[PDB]
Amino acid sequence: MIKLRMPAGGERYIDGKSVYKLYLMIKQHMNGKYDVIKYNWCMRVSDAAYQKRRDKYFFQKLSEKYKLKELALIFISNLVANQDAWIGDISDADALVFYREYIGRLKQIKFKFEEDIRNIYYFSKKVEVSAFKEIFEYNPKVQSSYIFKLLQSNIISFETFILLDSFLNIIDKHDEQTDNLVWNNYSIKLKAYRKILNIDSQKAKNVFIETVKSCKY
């Protein structure tokens, strides 16, 4: 149903500067300044900028131990879900600890998706929607939506939001109806992550329908 797109030759070990380049390309991608898929996980960087770094040891240590696929996951998981890495330096974000905790989450994505769907459904009853669709539609009054609010409160994950988006078109519709800064900040990350996620919309839809049905009856 869902797979993360990854740089080619993921079993490879690379050097410290290369680890730094990988981090920078993913960082820029998550900020909407680059597209790792468009450029096939390759990017040129400023050596002067790298040399100016006071934390070159961080990238060196990671390079000694982790394969390319693991390095990519460490950076992706942190830059997507670790708010401490959204603006703060990766060498200051407790990245490895965060990554270890996040890989376990990625391994159970389908179960987590189902869990999130059930929670979205029961929440919809608590707020007394007149129709389930009201949860996902942008609300001009509050410049937001219940589904976005749930993501903000960390009740559901980014993967769940993007999975729902695959067949509900939530992100693009929100983007066209508002300029809200808070949404935009999240939307930049959502669209960036969506680019590296390979999602089978039909399968995600099937899971959604089956899960809601089990909540209703």
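Numbers for residues come from their place in the sequence shown, where the first is 1.
For the segment pair 50-58 and 152-160, the entry gives 152-160 the higher mean B-factor, averaged over Cα atoms. Averaged over their C-alpha atoms, the temperature factors of 41-49 and 162-170 are higher for 41-49. Of the candidates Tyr146, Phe132, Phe123, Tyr102, the PDB record gives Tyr102 the highest C-alpha temperature factor. The top Cα temperature factor in the record, among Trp86, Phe75, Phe136, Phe113, falls on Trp86.
Looking at the C-alpha B-factors along this chain, the one for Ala95 belongs to the middle third. Annotation for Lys33: C-alpha temperature factor in the highest third relative to the rest of the modelled chain, per the entry. The PDB entry assigns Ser187 a C-alpha temperature factor belonging to the middle third of its chain's modelled residues. For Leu106, the recorded CA temperature factor ranks within the highest third of the chain's modelled residues. Per-chain ranking of the deposited C-alpha B factor places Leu79 in the middle third.
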